[PDB]
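For reference, the chain that follows is the form deposited in one PDB entry, supplied as C-alpha cells.
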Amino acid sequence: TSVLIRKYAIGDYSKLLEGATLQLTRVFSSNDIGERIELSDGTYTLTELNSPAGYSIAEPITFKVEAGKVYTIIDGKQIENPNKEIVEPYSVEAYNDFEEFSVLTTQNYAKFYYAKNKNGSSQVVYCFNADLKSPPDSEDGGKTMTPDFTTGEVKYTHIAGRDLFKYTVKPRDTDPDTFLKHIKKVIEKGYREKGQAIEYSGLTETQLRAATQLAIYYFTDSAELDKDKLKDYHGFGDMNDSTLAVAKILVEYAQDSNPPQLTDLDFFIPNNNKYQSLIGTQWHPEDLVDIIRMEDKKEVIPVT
C-alpha cells in the first residue's frame, strides 16, 4: 500500500512544512509534496528527530497497514486513516461563477462556488470560512482557468472530508467527530446538484443553496439564524423569512441524533491563508492516497 508522509504546520495548511527531520520505523527531510513509500502490512512509527526552526517536536505517529487499508493508532483506539489527499498538492481549481446570475430574494446571490473535479466536471462547494476570500471569480463560469489558478496564486488540495474541525475559525461545536457529523448532514439535506428537486414549498435552487451555505456557517463560524443579526452578515440580509426557516431546518436536522446518511465528501484547502477552505457535495476517492499526516506547533517566543 502506497503512503505519503506529509508534514504540516498547525493552523496554516497553505503549504507543507519543509526541513523537519523525520524517521520511519528510514530518515528523511520533510519536503513540499510528501515522501512516497510503498509499504507491506505491519505496524509503523513516524518520529520527528528534529523540528524546523521555530517549531516544536510533534508527538510520534503510530499507524498500521493491513490489506490495502491504513489505520492511525492513538491511545487504545484504532481508526481508519482520516487523511486521504491528492498526490500533487495545491493543484485543483475552484471558482466563483460570475456568469451565473440568480437572486436570493432581490439581489444576485453572487456566491455560486464550485470546484473542478479531476475529469473536468464541476461540483457545488460551500465556503467553510465566512471571513476569508471566496474562490477566484470566473467571468465565464469556469469554462476557462482563472489567472489566479494559472499563475499559481490560488490553487487547492483535494482531501477527504474527514478531520475538518481544524479548518474552522469560530466553531460552534467542541467535538470534532460531532462537528463532522453536523457538516455531512447539512450537505445531505441541502443543495447538492444543479437541477435537483427542491422540495421546500416556494424555494428556488438559489434559495436552497444560500440556506445550505448559511447552515454551514452556523457550525463553522457560529453564525446566528436571526434576521436582525443577518442584516449585515455577508449578504444574508437579502434572505427572506421562508429561506431562513429552511436554513433552520437544515441546522436542526444536522443537530439531531441520527447519523449522517452519506459517507464521505470532497473538501479543498487553498495554498493561500487569506482564502476559504471549501466543503464539497460529491465524493471522488479515485485520486486520493493515504497520507501519514504529522503537524508541528509553531513556538512564538516573545522577542525580547
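Throughout, rigid core stands for the largest set of C-alpha atoms superposing within 1.5 Å between the two forms. Residues that one form lacks are left out of the comparison. All residue numbers refer to positions in the sequence shown, first residue = 1.
Another form, the form deposited in another entry, is not on view; read the next lines as being about it.
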Comparing forms between the shown form and the other one after core superposition, the one residue of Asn96, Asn129, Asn83, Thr146 displaced by 2 Å or more at CA:
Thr146
Would one find the Cα atoms of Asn271 and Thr151 closer or farther in that other deposited form than in this form, where their distance changes by 3 Å or more?
closer
If the CA atoms of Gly195 and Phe149 move by 3 Å or more in that other deposited form, do they move toward each other or away, so closer or farther than here?
farther
With the rigid core held as the fitting reference, name the runs of three or more adjacent residues whose C-alpha atoms all move by 2 angstroms or more between the shown form and the other one.
143 to 153, 299 to 304
